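In: sequence? don't have it. structure:
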RNA sequence: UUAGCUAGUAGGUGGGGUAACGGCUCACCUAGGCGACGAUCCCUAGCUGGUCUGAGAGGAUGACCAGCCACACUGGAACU
RNA sequence: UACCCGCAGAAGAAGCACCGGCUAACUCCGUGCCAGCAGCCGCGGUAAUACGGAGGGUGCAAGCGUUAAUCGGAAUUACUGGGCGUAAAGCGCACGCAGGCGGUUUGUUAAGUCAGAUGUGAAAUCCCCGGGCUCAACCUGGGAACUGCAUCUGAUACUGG
């Protein structure tokens, strides 16, 4: 099925996660359908560090896609503060 | 390390055979003056 | 040189042969000394120059210069050989590598030791 | 990664003062500045066109402390930028920390100022920077930290900065031991004995 | 609103079927000269109607044999 | 006042009953660092005698060229015998990127910024002819205003 | 035989300009007159006339300055062998300003400059210097 | 210094087959189809995004990362 | 674990290639067309700045050299951008099918051509402006670019019909 998940990138011990509407069979860093936002867990906290696209995630959940554990938490947390 | 001579198989007398190899052969010298002595360049300039 | 002529038959990039084809684009190869011998050079030079015939791991049997002053190669010494032309001396397109496998390096160098495989003298 | 040798062999090969000993003692007492270094110096050469381009690059390198692999990288950057590639290249050497230290006059030489920098005596904007090639920006403060106000080196060095010329592009405030890199220096602000066109010609062969 | 090529009719020995050269003027990639490059096509003609030499017009439908995926919309010029 | 390079010094020769009479050619350019350039080519039996005959032959025999801010007006070609020679104006801080004999001529002409390239032969004497051939036929925006009888925003 | 008559006009200029002729004639056509006009508006030639009904004859009058030609040089670019079209960003400029291309656009023959203002490209006929 | 290749071959009608169009398969019928815009045959090769070089146009290349293909001791075949 | 603080003492940490020209850097001693060097020219036959050693110097520097391989330089396959009287190069001469090219004028068409719009040209890479690792490599946000292909609407000077 179609999912919404984090692909890892970044250097070693300093990850960085793109957020990617994939088919679930494809490998983590491989073939995605869309990119939708990002997530930096090492961020400075004076300067962004997470940005989802809530308008295009809600579209893909419409058409009937899953979400991860993490991408769920990131949606909960980017609707509290913003 | 053994000279590889241009004579084939030596058959009798080897000194007289090597005498007629390029191994030996007159060495003449370039004159530095007169009558075959022109350089373009010269060793440094 | 007419445009129309080049459409129908375009320009041939003339493709270049290598000077070291026994290597086959390996940067060295290994082989075995068949035979080791001095020979006289081309004109105008005068000398005796040390070269071995050598059968490579890819079949090719080729002759090979030996650098430096003095050596101990012979029948069946296993040696490493590299590209490198020698002029005063016809048909010799490869050098032996000194100080690699069964050529030990040169006795009593001080200058340019790395080209002859000679360890820094302890002082 | 650093020239460890005799500093006046370098100054004789250029035929120039490269500022590599401070000026407690002046230059012409110590060495022989007119005569070139080693055995065959008093004989002139006809120095070739490659020669004079090389000789000029190595003057600049040997002032600022920089080695070739690193200098070549400054040159790539300096060309990448928009501007005269000579003027840009000298901006990027007057940006360097170890130099900016010395031009504010906490070091006596660039080799001293580099030992400050490496030994964690320098902050930039509060943070301890300890690497010589750090590129200072406009409106950064550089300043000494609190062990290293109590050194004899730094006080005696600030005496020697009053006898040299003043840089325009720094505001130093020398009782505190800080100062503000205000703007990038222009070509007019720097020494005009350095030809820069020779370096650029060199690399674009 | 259908994509529709034109051409002309370089055989018609086959039964309900013709062969139709499409010309086009391509710039050569290197030398800059514009060139006649031809594109032959087997085409479905119902009614055996189209003669040899005839200008014609054709469209891409589903596959109809091994070769044909092209069917004949209308004739334009003919009998010449 | 004016700047004066020595490009090249051949030894040439002439045969006689005796054997060879050797002799030296030198080749010099002079210029006012500001759009004037001569070249001269001396011969003599000693070398410093020959450079001197060239420096004289260069001062007289010396031509004007309209530069623009220390570079060319527009991209010029030039040719003499085997030597073809293309030069192109450049943005400030290129320097004179350019060959052997070319590089001399442009420096004392007071070009500061060019992209040259010598095709063909690179015989020093025929290249400084081809380079000067280039620079002298090259033509300003004020000259072509006059030619056609305009003075437009092409200016 | 006679297979590019624009190149013929351009050569007839060039060769007259070399031989110090006041004027040159050729067979007319529409397109020759179009070009002849651009060449005149830009000031390389003094004036052209056309005479004849049945076999018309274009007579250009050539132009000199310091006892020396105005038309320094004049290439054909698009030939019959090799037609050369260009989009509006890709238009050449000739001596980095100072000469002129001549372009056939859908709004007639004009200079390179006047096709950049009008925002067109097309077949490039000829450079002039 | 490979010029003629092709008889399920090229098209038709009808049966069968496939998730699906189809000589995919079969029987009958027509005698076509491809080719100097290089068919056929031989040699070499996984393809691309890219990479290196070059002022550029070009040339060389396809290791890592990513997309597609193919293979799983060699050959053949199905089953679920 | 990054990162931060304390202790001791200049302590524990410099080599490789080159110096005849091209090419930055020169002098002694040995050797005597021998030994050897050499990328190309070439050096060496008793005063070797070219061999071997020493002293000095130049260049790179935790690397420095040799070899192999690609592009460059090479306008030496030349589209950009070469030639063919004697340097390599005009078939021994013609006729002529495919092919390429085609005088002048009006109309029409709109294939080439040009302009505009939409769709696509995966992400990474490259380039620009930023941000984060003390700096840098490295990572990353936004853009530009992907010169292409298709569809639609115009233009009609040139080419074609």
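Out: Received it, and whenever you're ready, just let me know what you need. Numbering: from 1, shown residues only, chains lettered A, B, ... in the order given.
In: who's in contact with residue 23?
Out: Because you didn't say which chain, this covers chain A. Shown in contact with residue A:23 (Cβ atoms under 8 Å, 6 or more residues apart in numbering or on different chains): A:1-3, A:31, A:33. Placement of C-beta: from N, CA and C, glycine included.
In: hmm, I had chain C in mind actually
Out: Contacts for residue C:23 (Cβ under 8 Å, 6+ apart) come out as C:29, C:83, C:94.
In: and the residues you listed as TSV, adding distance to residue B:23 and neighbour count?
Out: As requested, the contacts of residue C:23 are exported to TSV (distance: Cβ to Cβ, whole Å; neighbours: other Cβ atoms under 10 Å in any protein chain shown):
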residue	distance to residue B:23	neighbour count
C:29	31	21
C:83	29	16
C:94	24	25
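In: which one among these gets closest to chain E?
Out: Distance to chain E, by Cβ to the nearest Cβ, is smallest for residue C:83 among the contacts of residue C:23, at 35.6 Å.
In: just confirm that closest one contacts residue C:24, I think it does.
Out: No. Using Cβ atoms under 8 Å, residue C:83 makes no contact with residue C:24, being 11.4 Å away.
In: so how far is residue G:29 from the most centrally placed residue in chain G?
Out: The centroid of chain G falls nearest to residue G:35 when counting by Cα atoms, centre = their mean (4.7 Å). Separation of residue G:35 from residue G:29 (Cβ to Cβ, to the nearest Å): 10 Å.
In: try residue G:116
Out: Distance of residue G:116 to residue G:29, given as Cβ to Cβ: 27 Å.
In: check residue F:124 too.
Out: Relative to residue G:29, residue F:124 is positioned 51 Å away (criterion: Cβ to Cβ).
In: do residue G:11 as well
Out: Counting by Cβ to Cβ, the gap from residue G:11 to residue G:29 is 15 Å.
In: can you check residue E:50 too?
Out: Residue E:50 sits at a distance of 41 Å from residue G:29 (criterion: Cβ to Cβ).
In: max-length strand in chain E?
Out: strand E:17-27 (DSSP state E).
In: what lines up beside the helix or strand that it is followed by in the sheet?
Out: Once the chain leaves strand E:17-27, the next helix or strand it forms, by DSSP states H and E, is strand E:34-39. Here strand E:34-39 has these sheet partners by DSSP bridges: strand E:17-27 (antiparallel).
In: show residues contacting the partner strand.
Out: Contacts of strand E:17-27 with the rest of the structure, by Cβ under 8 Å, 6+ apart, involve E:5-12, E:33-45, E:50, E:56, E:58, E:65, E:68, E:70, E:72.
In: buried stuff in that strand?
Out: E:17-20 (16 or more other Cβ atoms under 10 Å in any protein chain shown).
In: nearest to residue C:55, of these?
Out: When the buried residues of strand E:17-27 are compared for distance to residue C:55 (Cβ to Cβ), residue E:19 wins out at 62.3 Å.
In: could you check how far that closest one is from residue E:80?
Out: Note on residue E:19: its distance to residue E:80, by Cβ to Cβ, is 18 Å.
In: again with residue F:13
Out: Using Cβ to Cβ, which is the criterion applied here, residue F:13 is 81 Å from residue E:80.
In: the more surrounded of these two?
Out: Set residue F:13 next to residue E:80 and count neighbours by other Cβ atoms under 10 Å in any protein chain shown: residue F:13 wins out with 11 against 7.
In: that older thread, distance to residue F:33 added to the buried residues of strand E:17-27, as JSON lines?
Out: Shown next, in JSON lines, are these (distance: Cβ to Cβ, whole Å):
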{"residue": "E:17", "distance to residue F:33": "82"}
{"residue": "E:18", "distance to residue F:33": "79"}
{"residue": "E:19", "distance to residue F:33": "76"}
{"residue": "E:20", "distance to residue F:33": "73"}
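In: for residue A:60, pull up the helix or strand it's in.
Out: Short version: residue A:60 belongs to helix A:54-63, going by DSSP H and E.
In: tell me the secondary structure at residue D:111.
Out: Classification of residue D:111 by DSSP: H, G, I helix; E, B strand; the rest coil places it in helix.
In: try the one 5 residues further on
Out: Under three-state DSSP, residue D:116 falls in the helix class.
In: and it, how many neighbours?
Out: 24.
In: quick one: buried residues of the helix or strand hosting residue D:8?
Out: According to DSSP H and E, residue D:8 maps onto helix D:7-14. Within helix D:7-14, the residues that qualify as buried by neighbour count (16+ other Cβ under 10 Å) are D:7-8, D:10-14.
In: between these, which is nearest residue G:94?
Out: Using Cβ to Cβ, the shortest approach to residue G:94 within the buried residues of helix D:7-14 belongs to residue D:14, at 47.8 Å.
In: residues touching the closest one, list them.
Out: Shown in contact with residue D:14 (Cβ under 8 Å, 6+ apart): D:55, D:58-59, D:62.
In: separate out the buried members of these.
Out: For these, buried by 16+ other Cβ under 10 Å: D:58-59, D:62.
In: dump those to CSV, plus secondary structure and distance to residue A:17.
Out: Converted to CSV, those look like this (DSSP: H, G, I helix; E, B strand; the rest coil; distance: Cβ to Cβ, whole Å):
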residue, secondary structure, distance to residue A:17
D:58, helix, 49
D:59, helix, 50
D:62, helix, 48
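In: show me which residues of chain D are close to chain E?
Out: Contacts of chain D with chain E, taken as Cβ under 8 Å from any Cβ of the partner chain, are absent.
In: residue nearest the middle of chain D, spatially speaking?
Out: In chain D, the centroid-proximal residue (Cα atoms, centre = their mean) is residue D:64; its distance is 3.3 Å.
In: surely that residue touches residue D:109?
Out: No. Using Cβ under 8 Å as the test, residue D:64 is too far from residue D:109 to be in contact (11.6 Å).
In: does any part of stretch D:87-100 sit near chain F?
Out: Yes. Stretch D:87-100 is in contact with chain F by Cβ under 8 Å from any Cβ, via residue D:87.
In: strands of the chain, residue ranges please.
Out: Reading this off chain A. With strands called from DSSP E, chain A shows them at A:5-8, A:17-22, A:32-39, A:50-51.
In: look at chain G instead
Out: So, for chain G - with DSSP E - the strands run G:23-27, G:47-51, G:57-61, G:74-76, G:85-86, G:100-105, G:108-111, G:122-128.
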